[PDB]
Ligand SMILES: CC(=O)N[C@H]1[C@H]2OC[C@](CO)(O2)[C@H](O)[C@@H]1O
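In structure tokens, one chain follows: the form deposited without the named molecule.
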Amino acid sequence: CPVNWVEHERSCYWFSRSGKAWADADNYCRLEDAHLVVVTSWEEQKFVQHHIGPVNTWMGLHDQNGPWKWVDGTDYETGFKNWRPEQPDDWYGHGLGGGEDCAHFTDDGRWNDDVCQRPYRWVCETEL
């Protein structure tokens, strides 16, 4: 793994300390030959909650094109899921326009879908 990245079970991770809209966050990870983190197991989830703490953080999961997809192509329905109760809920009540198409870890680690343009911290990942 590159410096500033954390290796774990064959994967490399980078944790941002500033916020970007999901699209910008996405492009950022790609420019690093990486992709927004893709969580496929309880241990990987535990591993990420540990480093982000109680902070809303974007992951490589979105339903911007329709169905839920992990930016690396990993299958969603067959894969690990850790949604917060009553989520995803594609809420429109925020008043910003549209529903909610980007997944982020909430403060307790469980996921929530929110407005993609909101600036949150993010995590990049790359496999060995």
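Residue positions are given as counts along the sequence shown, with the first one as 1.
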Should the higher mean CA B-factor in the entry be assigned to 96-104 or to 35-43?
35-43
Report the stretch with the higher mean CA temperature factor, choosing between 61-69 and 79-87 on the basis of the entry.
79-87
Determine, from the deposited record, the chain-internal third of the Cα B-factor for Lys20: lowest, middle or highest.
lowest
For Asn56, the third of its chain into which the C-alpha B factor falls:
lowest
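The same protein also exists as the form deposited with the named molecule bound; that form is not shown, yet it is the one meant from here on.
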Shown form pocket vs the named molecule in the deposited bound form, superposition, backbone/C-beta distance 2.4 Å
open
Is every one of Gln87, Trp91 and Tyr120 in contact with the named molecule in the deposited bound form, taking contact as a heavy atom within 4.5 Å?
yes
What stretch, of 22-30, 98-106, 47-55, 66-74, brings heavy atoms to within 4.5 Å of the named molecule in the deposited bound form?
98-106
Contact with the named molecule in the deposited bound form for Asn112, defined as at least one heavy atom pair within 4.5 Å: yes or no?
yes
